[PDB]
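First comes the structure, then the notes that go with it.
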Amino acid sequence: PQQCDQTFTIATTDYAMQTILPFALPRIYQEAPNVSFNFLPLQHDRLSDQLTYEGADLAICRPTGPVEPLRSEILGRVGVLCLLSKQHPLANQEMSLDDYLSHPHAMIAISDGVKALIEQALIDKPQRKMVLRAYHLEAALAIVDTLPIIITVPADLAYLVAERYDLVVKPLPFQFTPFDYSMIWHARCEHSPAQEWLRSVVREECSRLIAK
Amino acid sequence: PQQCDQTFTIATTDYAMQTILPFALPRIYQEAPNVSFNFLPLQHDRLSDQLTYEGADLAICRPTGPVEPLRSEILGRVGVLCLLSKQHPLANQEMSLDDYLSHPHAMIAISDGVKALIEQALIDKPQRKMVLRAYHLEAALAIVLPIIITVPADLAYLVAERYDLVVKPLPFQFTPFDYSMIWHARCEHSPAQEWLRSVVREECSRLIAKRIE
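Residue numbers (the UniProt record's numbering), protein chains in the order written: chain X, 111 to 322; chain R, 111 to 254, 257 to 325.
And the structure:
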């Protein structure tokens, strides 16, 4: 509704902050011109307490475990991509796993759960140089003019961003099973008309996102 | 030095992560090629827990209070600035307090503690409508509604620049807060930590200069 004027508190990881949410927002405000949002950083380890006492109506992440009795739902499957400066040696050719391993790495907006996922997928091949780990590729960009860093990001951020910081997108050189991104909420928000609305729009929008 | 291949954990805010360190990073890696970095979100109420228990080497933020027995030094003086879309009504005029107070507000990259600072500066004024409160700014971007985007000064200039939008001063008296480095006594006399801090120190220093000009 347009007569909705309440403020929804979403707890977000940095990834969902830069891709999912902003994608969703034009349509949220379009449908609900009057709704305020409050986006606070999700603490993965105090996820259930954020939703219970700290005022969060919805958390958008990838739980590092089960979350019951918090109700939950997969939004879809995020994949992982690599970002290269257009002036990277590899910017032009194709990335073999052997390229990937011989170059310095910046890890942007992954997080340890997925980091562990990737590290797990890279379990037998030789230790790569992990040079930077951050949640803002502003920071990796800062060094594309220094190291030939390969920037591993969730796939969706590569598409939202690469095509504007003037850097290129290469596929992962190895077997990566896309992980699942979820919404979490307290069962008490389970039948709230406004909360069903939020989750719906966030659900449909993630579709439009995944579909494209 | 440059034998150093040790990794540093820096717990940091968003502002710090977009305006400071990106700035300070090229001289770091140039100065210590083997060095490795780990930046993670500061959790402001867990500042000391983060440096003490979670393995954070240094914290860069505005501590919402006294940090003893955590080591700390001021870095410099963050101020707050506004960002408008180039097709915002007030884009080509000066924005008066009244104008400020009549428009939807999007508050980016501002800590609660600083949020409280501005709330306290606007304490005798009508309520404004706070339509959006995020931490990366690609969310406000997404809706830049005739919103006025409040942000730490340096960040305003950084993106105002390249997202073609405009920068209006705060239509009120607001006195710059200051940012700082924070660390555990345990990192006070580490040759590598004393080194990290100083490169941060003189790059921040360097940043003020450049900016001041």
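Every residue, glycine too, gets a C-beta built ideally from N, C-alpha and C.
- prompt: Between the beta-carbon of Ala201(R) and the beta-carbon of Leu194(R), is there less than 8 Å?
  reply: yes
- request: Measure the Cβ-Cβ separation of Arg318(X) and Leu185(X) and say whether it is below 8 Å.
  value: no
message: Determine, for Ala244(R), whether the minimum Cβ-Cβ distance to residues of chain X falls below 8 Å.
response: yes
- request: Could you tell me which uninterrupted alpha helix (DSSP H) segments, each at least 4 residues in length, are contained entirely in the region 250 to 276 of chain X, listed from first to last along the chain?
  value: 265 to 275
field: Neighbour-count burial assignment, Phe149(X), 16 or more Cβ in a 10 Å radius
entry: buried
- prompt: Does the beta carbon of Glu315(X) sit closer than 8 Å to a beta carbon anywhere in chain R?
  reply: no
query: Is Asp124(X) close to chain R, meaning its C-beta is less than 8 Å from at least one C-beta of that chain?
result: yes
Bounding residues of the alpha helix (DSSP H) (the contiguous stretch that carries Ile138(R)): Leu131 to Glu141
task: Flag this pair as yes or no: are the beta carbons of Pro283(R) and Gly189(R) separated by less than 8 Å?
output: no
task: Give the residues of chain R in contact with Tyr139(X), contact being defined as C-beta atoms less than 7 Å apart.
output: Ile253 and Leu257
task: Check whether the Cβ of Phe149(X) lies closer than 8 Å to any Cβ atom in chain R.
output: yes
- request: Could you tell me the boundaries of the alpha helix (DSSP H) in which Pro111(R) lies?
  value: Unbroken run through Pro111(R): none, as it is neither H nor E.
message: Do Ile233(R) and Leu242(R) count as a contact pair if the criterion is CB distance below 8 Å?
response: no
field: Validate contact between the region 248 to 266 of chain X and the region 213 to 220 of chain X using beta carbons, cut 8 Å, 3 pairs
entry: yes
task: Use the C-beta contact count for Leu207(R): other C-beta atoms within 10 angstroms, 16 or more gives buried, fewer gives exposed.
output: exposed
task: For the region 158 to 174 of chain X and the region 292 to 306 of chain X, state whether three or more C-beta atom pairs, one from each stretch, are separated by less than 8 Å.
output: yes
field: Cβ of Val241(X) within 8 Å of any chain R Cβ
entry: yes
field: Any C-beta of chain R under 8 Å from that of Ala249(X)
entry: yes
field: Contacts that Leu131(X) makes with chain A (C-beta to C-beta distance below 7 Å)
entry: As a matter of chain content, chain A is missing from the structure shown, whose protein chains are X and R.
message: Can you tell me whether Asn202(R) is helix, strand or coil according to DSSP?
response: helix
task: Verify whether the separation of the beta carbon atoms of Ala272(R) and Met127(X) is less than 8 Å.
output: no
message: Strictly by DSSP, which residues pair up with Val188(R)?
response: Note: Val188(R) sits in no beta bridge, so no partner.
- request: Could you check what DSSP says for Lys280(X) in three-state terms: helix, strand or coil?
  value: strand
- prompt: Taking 8 Å as the CB-CB cut-off, is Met127(R) touching chain X?
  reply: yes
query: Can you name, in chain order, every residue of its own chain whose Cβ lies under 7 Å from the Cβ of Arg181(X), other than the five neighbours on each side?
result: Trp295, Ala297 and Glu300
Neighbour list for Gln153(X) in chain R, Cβ cutoff strictly below 7 Å: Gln153
- prompt: Can you give the Cα-Cα distance for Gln305(X) and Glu204(R), rounded to whole angstroms?
  reply: 39 Å
- prompt: How many whole angstroms separate the CB atoms of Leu131(X) and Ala219(R), which I take to be in contact at a CB cut-off of 8 Å?
  reply: With 8 Å as the limit, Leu131(X) and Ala219(R) do not qualify as a contact, their Cβ atoms being about 15 Å apart.
- request: Could you tell me which of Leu251(X), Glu315(X), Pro281(X) and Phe286(X) sits nearest to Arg274(X), measuring between CA atoms?
  value: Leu251(X)
- prompt: Just checking my contact of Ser292(X) with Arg172(X) at CB under 8 Å: how many whole Å lie between their CB atoms?
  reply: 6 Å
query: Looking at the unbroken alpha helix (DSSP H) that takes in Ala321(R), where does it start and where does it end?
result: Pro303 to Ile324
task: Closer than 7 Å by beta-carbon distance: list the chain X residues that pair up with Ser158(R), in chain order.
output: Simply none; closest approach about 16 Å.
Residues within the region 210 to 232 of chain R neighbouring chain X, beta-carbon criterion of under 7 Å: none
message: Rounded to whole angstroms, what is the Cα-Cα separation between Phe133(X) and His246(X)?
response: 17 Å
task: Compute the Euclidean distance between the alpha carbons of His198(R) and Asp266(R), then round it to the nearest angstrom.
output: 21 Å
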